[PDB]
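>>> sequence first, structure after, both from an experimental entry:
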Amino acid sequence: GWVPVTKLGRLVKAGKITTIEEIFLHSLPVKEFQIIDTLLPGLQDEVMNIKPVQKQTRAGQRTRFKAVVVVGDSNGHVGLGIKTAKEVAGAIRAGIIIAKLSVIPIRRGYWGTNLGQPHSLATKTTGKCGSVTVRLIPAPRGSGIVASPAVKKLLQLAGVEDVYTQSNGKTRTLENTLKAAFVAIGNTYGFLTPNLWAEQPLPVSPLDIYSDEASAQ
Amino acid sequence: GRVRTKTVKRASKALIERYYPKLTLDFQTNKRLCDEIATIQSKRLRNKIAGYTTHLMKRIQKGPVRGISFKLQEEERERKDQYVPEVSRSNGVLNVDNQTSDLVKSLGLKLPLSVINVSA
Amino acid sequence: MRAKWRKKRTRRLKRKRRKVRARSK
Amino acid sequence: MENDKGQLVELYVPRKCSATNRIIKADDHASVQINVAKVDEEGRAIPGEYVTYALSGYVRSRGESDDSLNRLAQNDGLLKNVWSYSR
Amino acid sequence: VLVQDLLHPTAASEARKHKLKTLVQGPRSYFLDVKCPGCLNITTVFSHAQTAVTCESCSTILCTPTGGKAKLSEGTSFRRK
Amino acid sequence: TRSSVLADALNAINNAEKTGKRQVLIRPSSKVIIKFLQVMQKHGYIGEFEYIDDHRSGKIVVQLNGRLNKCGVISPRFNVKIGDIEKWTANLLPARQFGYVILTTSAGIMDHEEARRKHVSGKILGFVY
Amino acid sequence: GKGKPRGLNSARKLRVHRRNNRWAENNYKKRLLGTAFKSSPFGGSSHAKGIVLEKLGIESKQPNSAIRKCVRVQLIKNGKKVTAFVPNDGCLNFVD
Amino acid sequence: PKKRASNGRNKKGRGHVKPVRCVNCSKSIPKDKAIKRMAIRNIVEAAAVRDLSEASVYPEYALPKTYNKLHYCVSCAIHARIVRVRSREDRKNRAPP
Amino acid sequence: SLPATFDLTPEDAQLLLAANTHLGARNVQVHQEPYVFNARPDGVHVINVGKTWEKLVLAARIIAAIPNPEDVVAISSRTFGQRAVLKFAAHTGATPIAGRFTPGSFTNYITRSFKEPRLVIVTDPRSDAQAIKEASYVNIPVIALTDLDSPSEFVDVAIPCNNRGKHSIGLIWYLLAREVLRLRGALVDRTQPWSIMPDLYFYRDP
RNA sequence: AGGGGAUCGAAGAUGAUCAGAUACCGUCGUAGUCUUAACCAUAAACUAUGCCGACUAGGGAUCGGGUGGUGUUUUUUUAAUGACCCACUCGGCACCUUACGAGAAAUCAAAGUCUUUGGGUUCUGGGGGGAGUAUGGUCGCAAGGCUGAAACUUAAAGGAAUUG
Ligand SMILES: CN[C@@H]1[C@@H](O)[C@@H](O[C@@H]2[C@@H](O)[C@H](O[C@H]3O[C@H](CN)CC[C@H]3N)[C@@H](N)C[C@H]2N)OC[C@]1(C)O
Ligand SMILES: [Mg+2]
Ligand SMILES: [Mg+2]
Ligand SMILES: [Mg+2]
Ligand SMILES: [Mg+2]
Ligand SMILES: [Mg+2]
Ligand SMILES: [Mg+2]
Ligand SMILES: [Mg+2]
Ligand SMILES: [Mg+2]
Ligand SMILES: [Mg+2]
Ligand SMILES: [Mg+2]
Ligand SMILES: [Mg+2]
Ligand SMILES: [Mg+2]
Ligand SMILES: [Mg+2]
Ligand SMILES: [Mg+2]
Ligand SMILES: [Mg+2]
Ligand SMILES: [Mg+2]
Ligand SMILES: [Mg+2]
Ligand SMILES: [Mg+2]
Ligand SMILES: [Mg+2]
Ligand SMILES: [Mg+2]
Ligand SMILES: [Mg+2]
Ligand SMILES: [Mg+2]
Ligand SMILES: [Mg+2]
Ligand SMILES: [Mg+2]
Ligand SMILES: [Mg+2]
Ligand SMILES: [Mg+2]
Ligand SMILES: [Mg+2]
Ligand SMILES: [Mg+2]
Ligand SMILES: [Mg+2]
Ligand SMILES: [Mg+2]
Ligand SMILES: [Mg+2]
Ligand SMILES: [Mg+2]
Ligand SMILES: [Zn+2]
Ligand SMILES: [Zn+2]
């Protein structure tokens, strides 16, 4: 079967922790892909870009392949990871897995009004990777995702139906484009808004409450 | 250039870790021992392995050697530990600065009083 | 060619233009 | 993260650094949660009964995690002497 | 660091700081009532001299100035206030 | 030299909560700093602040909880008329729901929401969230 | 502080400085120099008719080798000689 | 770009300093950039120990040691003397060894 | 909140001042320590030991929180801490790391030294900063034996000992292993010294 | 334009060198090199890095000034000194470690407080080349300084870092 290592990773094979949202809540370092494989199985894999990269070798010319992959479902979670193998499809494989280790909570939100089931974004968030900076702004309903198809696709699996975008830096280099686009939503929860001002008791670790269900042989 | 390669020292490594009992220092016993325990496709290799894992043993008895632990030494340290005869206080009072004393009276009371000066 | 000698070429040549143009006055 | 009428939506109300009152998000891996055990009469420490704190990644990296908890615990009752609020 | 009392800082760490940069600026100089029993009474002098003072009656040297506080000439007493 | 005192003060504030500190010394206070700090306090982005007394312009000690992201001054004091307050907000305020553009009107220093209801306008001042 | 003047009263220095600086924008320059009307073989118009002087095959720059059939033309309205290219295959046998 | 934050050598707040000519190739080089070694040697040497004080009068007379400071032009320095090439990192070390 | 009992006993005062744990470092001390008291003339500073003992208490009051005492981790690379951690480890639950740290332990599950603590104790936050680095990726609180000059970065619940040498290392080590048993473990009542000698933990040249 | 003119030394003279060698190296040596009086206004005139103001982080050194000390030296005898030491504090030439931050990167305590975009202000730049060219104006005795286009042409030129 699976055979997990990683106390965090064991505790979910037994049915202790039902969802990812508590892994986040305690800022838990997911070290295994099966954890989030089984935690949220409805993920989709999307290969975005593949470009070859070439090292000059003391004897040889090494041309490997770099793949970029965005994963996520429709709700509040997206992975992004970049894997480079010596063959192509193998790089996508180990990419989707590394993209899975990456996945992150995404706080959607209400544009101007409460009404139904949030669509747009909490605030204005700007991610920056390399030269590329990527700005997300709240939009009304039906505005949709306004952005290039490559960042749009990551904002789909992100689960956002409405966001405005401005792009800065050299956006033709995709790695830093998405890497900054991913950091924008990856920052959505770093914004302390007044509805989140409320005091909360600080729950305690599923690695502790289940401590015996965890550990070793 | 007589030097054992890694396939020889890795064998010798993993052998003594699990097989330290049996495995007497004498080569010819260990060599023959190897055939019944580890599978090796060469006459020479087996002898090369043996002769080295021999060496590991011969020194091990003079104390540990890095990279190998069979766990027998680990708690042999635990029970080998002891020998404190004389801990401290004698014969006299606590020797302490002007200032270290000034700390005592601040937070507490009972200490024996000896204070000398310092400079340079 | 070296920017300084290119600089000196341009100056040599331009002191030649005043000459040839002075003859026109 | 409420809605039109009533119901609380948007999964995962995040923690906060107790020291700086900063949201501690999923990827902050220098963030830390301290579990301090509340003992009882005759010093026994009552397993499973906790005074806990969360410390942001930022505070630990700056070197302020020490002096932060010292402030945070003493005014919570776990110490006296040591830290001076004034300097 | 990261939390400290700005309103009520220690007078011991205060008095190390610069006269301007304390919690409220004020002068650190003083006034002494200085005595030469060759005169029965005192002339009150500022601590950092400049003008090198004489006693009201006789021409006599109390201080000579320096950059900072003055050198009080030879024997004198002084009361700070 | 010094040009906007208010800007100087809204600085060390932001330079505090970026370093984590819960207390910041600001100098030389103001009339506007007061009323601006007031508006900040009353909406909950800072704690209590104490104007201290030197004999010159004073200082202030501001307690900040950490609920704040950015406060800041709009450097030229811009005329904004009632129909451009929306425009101004939408630029620097994170989302429609919260945050405040605070400005100065003949009716006193106040935010845009207080401005909306009183329905007076004026020159812009700063912003808080 | 990014030396552009911030002042509420610096409007002129602000709009002058940008007026001064649009000259670095290239075809802004070409707009106000009239260069369309002044130089260039067409009047500043889409097309212009002319008359063939000669049929000149041009050898193309690297890494290409060809002979590109062209024509020296003198513009009717204008009088400038100008050298233009004939498209596709043959099509030089349509002129003389 | 910048290969040093000392630029050539050791002037910050000075802005000009008199130069010095090299002992070897006689190139003008600034005195702060001068890359100097102090040369001290006995007027005698290894091989000269015995033939000296025994062929002399006096109870040993002790011995003088030559003194002149040397300056180098950094082109002839690298050609010979203590110089040469360091890793990008090791170039930061200012200690003599 | 404290019980009246656990305030510093003059037995411990004489235990502490024996090892010279009070005696801090020289001209070099980071700001992060107010623990200093009235700097010693000519090149020493005197640590406040009750503040050192209270930290020691809070260390124990934290060390025993963690449900399974065995995956708590004491670590020393230094020669002076190597024996002291073993004895801390055999007694309490904690598993030690003594000698080289073999980096890649807290991450890199494929490594054969892979551990996963809920807490880490450190003798010298300088020489062991390698681990403090690792614990900063994995969300692990960390206890530190600290002098006055020591790298306060990424450590919690500092203790103000003298890490310079002699007896001071294992001393503050021994009292900690002492107090973690004196809470939620079989051991001594009020005023009772511990039959185990404090010299148990120590250095051997021999 | 006078004086001065040792040394070094554009020009020039040469001896060697090279296939050539108007050079490198050797040798002579004019102007120059110095100075008085007047001109010239340029340098990688560099920190290739505007000025004023606020804030943002540790560390030992150092310069000048100042404050404290039942601190050490000198002694003639306490003193007064004068240097030394220790601590504090302003103002400086720098340096180390860091990275909350910045950045294309090298690296930066500013090049940080920037899409969460506003303290005051001066200057410059808007692909490469053509070109700092032409022209006009102006300064100079002259060399030259200042200001300063376009036609046309062209897909790159270019920065930091990477592997060979
Ligand atoms: C060293 N030369 C610099 C040049 O490098 C550049 O410097 C800017 C600097 O002005 C900007 O900073 C400016 O804008 C800040 C807004 N967040 C605050 C005010 C000011 N320091 C920096 N953010 C980026 C530098 N490369 O522009 C100004 C200058 C003086 O010419
Ligand atoms: Mg593709
Ligand atoms: Mg659209
Ligand atoms: Mg010439
Ligand atoms: Mg004629
Ligand atoms: Mg905008
Ligand atoms: Mg103009
Ligand atoms: Mg123009
Ligand atoms: Mg221009
Ligand atoms: Mg026309
Ligand atoms: Mg023809
Ligand atoms: Mg170079
Ligand atoms: Mg240089
Ligand atoms: Mg200069
Ligand atoms: Mg003359
Ligand atoms: Mg001469
Ligand atoms: Mg010649
Ligand atoms: Mg040659
Ligand atoms: Mg040659
Ligand atoms: Mg000569
Ligand atoms: Mg320079
Ligand atoms: Mg400077
Ligand atoms: Mg310049
Ligand atoms: Mg600078
Ligand atoms: Mg220019
Ligand atoms: Mg062009
Ligand atoms: Mg020019
Ligand atoms: Mg140019
Ligand atoms: Mg020029
Ligand atoms: Mg001209
Ligand atoms: Mg004139
Ligand atoms: Mg004229
Ligand atoms: Mg081409
Ligand atoms: Zn008198
Ligand atoms: Zn030389």
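Yep, it's here. Numbers count the residues shown, from 1 in each chain, chains lettered A, B, ... in the order given. Ligands and ions are numbered 1, 2, ... in the order given.

>>> can stretch H:26-36 be said to contact RNA strand J?
No - Stretch H:26-36 is not in contact with RNA strand J by CB under 7 Å from any atom of the strand; minimum separation 8.2 Å. Placement of C-beta: from N, CA and C, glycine included.

>>> ok, and what's touching stretch D:52-69?
A:202, A:204, D:15-20, D:22, D:24, D:28-36, D:72-73, D:83, E:1-3, F:19-20, I:30, I:32, I:34, I:136, I:141, I:151-158 (CB atoms under 8 Å, 6 or more residues apart in numbering or on different chains).

>>> quick one: the strands in chain B?
Here chain B has no strands by DSSP state E.

>>> which stretches in it count as helices?
Using DSSP state H, the helices of chain B run over residues B:6-19, B:27-37, B:43-60, B:72-80, B:98-107.

>>> sitting in helices, which of the contacts of stretch D:52-69 do you find?
Using DSSP H, the contacts of stretch D:52-69 in helices are D:72-73, I:136.

>>> tell me which of those is nearest to chain A?
Within the ones in helices among the contacts of stretch D:52-69, the smallest distance to chain A is 11.2 Å, found for residue I:136 (CB to the nearest CB).

>>> just list the residues touching that closest one, thanks.
Counted by CB under 8 Å, 6+ apart, residue I:136 has contacts D:29-30, D:57, D:60-61, I:154.

>>> so is the closest residue to residue H:4 other than its chain neighbours in a helix, a strand, or just coil?
Closest residue to residue H:4 apart from its sequence neighbours, by CB to CB, 6 or more residues apart in numbering or on different chains: residue H:91 at 7.6 Å. With DSSP: H, G, I helix; E, B strand; the rest coil as the basis, the three-state label of residue H:91 is helix.

>>> count of neighbours near residue H:91?
Residue H:91: 12 surrounding residues under other CB atoms under 10 Å in any protein chain shown.

>>> if we can go back for a sec, are any of the contacts of stretch D:52-69 buried, and which?
D:15-20, D:22, D:24, D:28-36, D:72-73, D:83, E:2-3, F:20, I:32, I:34, I:136, I:141, I:151-158 (16 or more other CB atoms under 10 Å in any protein chain shown).

>>> hang on, residue G:68 in a helix?
No - per three-state DSSP, residue G:68 lies outside any helix segment and is strand.

>>> chain neighbours aside, what residue packs nearest to it?
Of all residues not flanking residue G:68 in the chain, residue G:58 sits nearest, at 4.4 Å (CB to CB, 6+ apart).

>>> which residue sits farthest out from the middle of the chain?
No chain in the question, so chain A it is. For chain A, the largest distance from the centre (CA atoms, centre = their mean) belongs to residue A:59, which lies 38.7 Å off.

>>> let's do chain H instead
Centroid-distance maximum for chain H: residue H:57 at 35.3 Å, with CA atoms, centre = their mean.

>>> list phi and psi for it.
With angles defined as degrees, to the nearest 10, residue H:57 sits at phi -90, psi -170.

>>> can you pull the contacts of it?
By CB under 8 Å, 6+ apart, the contact set of residue H:57 is empty.

>>> any idea how far it is from chain I?
53 Å (CB to the nearest CB, to the nearest Å).

>>> tell me where the chain has helices.
No chain specified, so I'll use chain A. Under DSSP H, chain A gives helices at A:7-10, A:21-25, A:33-39, A:88-101, A:149-157, A:174-185, A:206-209.

>>> meant chain F actually
Using DSSP H, helices in chain F cover F:5-17, F:31-43, F:85-92, F:112-118.
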